[PDB]
Amino acid sequence: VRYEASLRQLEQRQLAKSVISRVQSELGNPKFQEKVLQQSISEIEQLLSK
Amino acid sequence: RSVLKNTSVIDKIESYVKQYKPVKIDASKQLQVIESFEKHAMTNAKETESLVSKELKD
Amino acid sequence: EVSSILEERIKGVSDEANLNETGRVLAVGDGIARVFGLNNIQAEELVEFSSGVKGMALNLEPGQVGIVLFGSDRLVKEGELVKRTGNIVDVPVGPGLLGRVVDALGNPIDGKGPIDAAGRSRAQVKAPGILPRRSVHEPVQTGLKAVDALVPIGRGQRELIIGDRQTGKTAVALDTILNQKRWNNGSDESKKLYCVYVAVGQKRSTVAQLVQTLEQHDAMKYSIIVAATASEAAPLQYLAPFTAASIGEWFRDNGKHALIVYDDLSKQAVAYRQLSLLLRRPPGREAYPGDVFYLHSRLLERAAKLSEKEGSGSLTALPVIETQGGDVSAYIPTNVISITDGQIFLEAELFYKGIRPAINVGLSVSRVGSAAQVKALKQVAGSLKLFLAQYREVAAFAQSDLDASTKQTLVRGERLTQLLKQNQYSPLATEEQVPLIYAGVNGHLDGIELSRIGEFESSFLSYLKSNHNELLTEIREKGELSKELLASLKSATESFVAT
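Read top to bottom, the protein sequences are chains A, B and C. Residue numbers for the first sequence follow the UniProt record's numbering, so the first one is 193 and each next one is one higher. Residue numbers for the second sequence follow the UniProt record's numbering, so the first one is 60 and each next one is one higher. Going left to right, the third sequence walks through residues 44 to 442, 445 to 544 as the UniProt record's numbering numbers them.
Dropping the structure here:
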């Protein structure tokens with residue numbers, strides 16, 4: 193049981209560093225450009241609701 | 060067992076435990092030594108008893 | 044799966060709305076960010092930095108708002124957005140915090156999952172007044188024979204555990220928590236003190252010991268450990284008793300009983316000192332902040348035995364103060380001593396002389412005291428107070446040609462002192478306190494050899510349990526010793542002494 197829990201923590205940390213790799217991939221994409229538009233229109237909706 | 064998610068060893072040690080379940084078998088070894096002991100003891104006990112009872116009435 | 048839990052967590056993030064007031068740090072040094080912005084800030088409001096650090100706003104200055112970082116300075120940096128959480132310091136309070144080791148924020152530092160709580164209540168809530176209280180009339184037994192008899196402990200009342208450094212001060216306290224298990228097991232809400240131990244400035248190693256001992260004695264199921272460890276920063280350390288008090292207030296508000304042990308306010312003092320000095324607020328006596336009296340007084344007045352209009356409840360408290368060289372003279376001790384209502388003064392010499400608990404009877408006082416003593420226990424221990432008093436006076440006479450009267454005092458006194466030794470972390474039920482003390486009072490223990498006192502004690506108890514646990518059950522349930530019981534008890538002691 194002890195090693196099973198330890199292994200779960202280790203898996204989570206393996207996937208944590210894999211998440212950093214995915215973040216770098218996302219910031220590579222021109223999704224980086226396209227999501228600025230997504231933020232823009234979403235903010236237009238938000239700010240108009242004010 | 061429902062704690063362990065790696066369970067394929069709980070079935071193993073369960074079966075090993077239930078296998079070796081008469082871990083140590085029955086013992087009554089005081090049945091030859093207790094009866095022999097009881098004979099010598101009884102003989103002496105009755106002798107003493109009769110002796111001191113006899114002396115009391117004397 | 045590890046994937047599924049992570050997937051739930053990512054899924055649980057989604058969108059936001061207008062950040063009401065941004066700030067930009069002007070300068071951050073010493074954990075004192077001085078922020079430009081936050082125009083409409085509420086006093087001591089919780090504010091969230093870009094780094095995610097949380098802060099309070101102790102100084103609201105005429106153009107800068109001096110946030111105090113709850114986090115480490117490393118993470119915060121100049122010009123940071125300082126979002127306004129917009130909620131003054133409040134902590135979840137409810138029933139679920141029982142058996143949850145939580146830090147000041149309420150985040151389980153033992154990972155016992157999201158807190159179940161019935162409210163989040165401010166930690167600056169002001170104490171109940173004059174008329175919202177009704178005088179103490181409910182004992183709290185600590186399972187320490189000396190504490191229960193020599194300095195009886197009530198409810199809603201406060202008494203110090205003021206004593207020399209690392210004399211296992213926490214041990215004296217922990218014993219009380221253990222004894223609460225017996226009463227806790229019962230179903231009556233009258234018989235339920237939900238203890239809260241407030242570990243202030245205590246090293247994580249210490250808290251590990253605390254956690255294990257409490258778990259070992261199954262205490263967690265009426266315990267809460269509010270933990271502000273040594274590492275945890277000076278805002279947390281400052282707000283740690285305040286936070287803890289709020290948790291207690293919820294129980295108190297429900298009209299239940301509970302015991303909150305602030306250990307130690309000496310480290311609380313240091314934290315306020317750190318905050319004030321770093322915020323450049325006027326310094327004061329013994330380099331403790333000018334308003335340190337005000338801080339301690341605020342905390343210690345929260346503890347209250349409520350009125351019947353407020354459906355009598357309590358929040359018994361036991362502050363712990365660590366004396367530096369035994370100096371009651373020292374500014375932080377003097378203040379606390381004045382504020383509290385009774386003191387228990389543990390003494391290092393006694394500890395060394397093997398008396399454990401090492402409570403120095405002379406320097407222990409209760410100003411509520413015998414008002415909340417068990418009636419049975421009161422009866423059988425008026426004598427005890429006087430005998431020990433005499434034993435103290437006749438103590439120095441222990442150097445030859447000694448009066449018969451003095452020698453009588455000495456025999457009785459030495460045996461009593463030996464009797465009041467107890468193995469720490471074993472509490473003793475009141476129904477077993479009452480017999481032992483009765484014997485001593487009737488001086489039948491005077492005859493018993495000093496070396497044999499320890500053996501005698503356990504034997505007397507087992508003998509009583511064998512001989513007549515009916516008497517014991519009567520003592521427990523009637524709680525008032527009838528003449529017939531006092532008769533029987535004397536007989537029983539005599540009979541036991543004979544064997």
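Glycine included, C-beta positions come from ideal geometry on N, C-alpha and C.
Would you call residue i buried or exposed, if buried means 16 or more other Cβ atoms sit within 10 Å of its Cβ?
i	result
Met99(C)	buried
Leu207(A)	exposed
residue 444(C)	The residue list of chain C ends a segment at 442 and starts the next at 445, so residue 444(C) has no coordinates to report.
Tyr240(C)	buried
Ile212(A)	exposed
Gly66(C)	buried
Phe440(C)	exposed
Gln204(A)	exposed
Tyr395(C)	exposed
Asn222(C)	buried
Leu495(C)	exposed
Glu108(B)	exposed
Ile220(C)	buried
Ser540(C)	exposed
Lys105(B)	exposed
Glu218(A)	exposed
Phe224(A)	exposed
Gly485(C)	buried
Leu534(C)	buried
residue 443(C)	Residue 443(C) falls within a stretch that is absent from the model, since chain C runs 442 to 445 with no residues between.
In chain A, which residues lie less than 7 Å from residue i when you measure between Cβ atoms?
i	result
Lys64(B)	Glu196
Please state whether DSSP places residue i in a helix, a strand or coil.
i	result
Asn103(B)	helix
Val78(C)	strand
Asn63(C)	coil
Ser540(C)	helix
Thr359(C)	strand
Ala424(C)	coil
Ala70(C)	strand
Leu517(C)	helix
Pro332(C)	strand
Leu526(C)	coil
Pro376(C)	helix
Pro326(C)	strand
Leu531(C)	helix
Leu447(C)	coil
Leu349(C)	strand
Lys242(A)	coil
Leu90(B)	coil
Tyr281(C)	helix
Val76(B)	helix
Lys83(B)	coil
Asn512(C)	helix
Please list, in chain order, the chain C residues whose beta carbon lies closer than 7 Å to that of residue i.
i	result
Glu203(A)	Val45
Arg200(A)	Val45
Report the neighbours of residue i on chain A: residues whose CB is nearer than 9 Å to its CB, in chain order.
i	result
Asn61(C)	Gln238, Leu239 and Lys242
Quick one: which chain C residues come within Cβ less than 8 Å of residue i?
i	result
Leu219(A)	Near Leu219(A) there are no residues of chain C at all, since even the closest Cβ is about 17 Å away, more than 8 Å.
Could you name the residues of chain B that residue i contacts, counting a contact when the two beta carbons are closer than 7 Å?
i	result
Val193(A)	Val62 and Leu63
Going along chain A, which residues have a C-beta under 8 Å from residue i?
i	result
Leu49(C)	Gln204 and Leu207
Please report the residue range of the beta strand (DSSP E) in which residue i lies.
i	result
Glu88(C)	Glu88 to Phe92
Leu63(B)	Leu63(B) -> no beta strand (DSSP E), and no H or E assigned at all.
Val108(C)	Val108 to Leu112
residue 444(C)	The model contains no atoms for residue 444(C), which sits in the stretch where chain C goes from 442 to 445 directly.
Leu101(C)	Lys97 to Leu103
Taking the alpha helix (DSSP H) that residue i belongs to, which residues open and close that run?
i	result
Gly488(C)	Per DSSP, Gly488(C) belongs to no alpha helix (DSSP H) and is neither H nor E.
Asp191(C)	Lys188 to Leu193
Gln184(C)	Here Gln184(C) belongs to no alpha helix (DSSP H), and DSSP marks it neither H nor E.
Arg200(A)	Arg194 to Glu218
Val45(C)	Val45 to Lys54
Would the C-beta of residue i count as close to the ligand SAH, meaning under 8 Å from any of its heavy atoms?
i	result
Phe224(A)	You won't find the ligand SAH in this model; it holds no ligand whatsoever.
> Unbroken alpha helix (DSSP H) runs of length 4 or more, entirely within the region 284-321 of chain C: which are they?
Replying inline: Segments of the alpha helix (DSSP H) lying fully in the region 284-321 of chain C: 308-321.
>> I'd like the ranges of any beta strand (DSSP E) spanning at least 3 consecutive residues and lying wholly in the region 195-275 of chain C.
In response: 204-207, 239-245 and 268-272
> What runs of the beta strand (DSSP E), each 3 residues or longer, lie entirely inside the region 118-176 of chain C?
Replying inline: 125-131, 133-136 and 162-165
> Of all the alpha helix (DSSP H) runs that stay within the bounds of the region 381-422 of chain C, which reach a length of 4 or more residues?
Replying inline: 391-395 and 418-422
> What are the uninterrupted segments assigned as alpha helix (DSSP H) that are 4 or more residues long and contained completely in the region 449-504 of chain C, given in chain order?
Replying inline: For the region 449-504 of chain C, the continuous alpha helix (DSSP H) assignments of 4+ residues that do not extend past its boundaries occur at 449-464 and 475-486, in sequence order.
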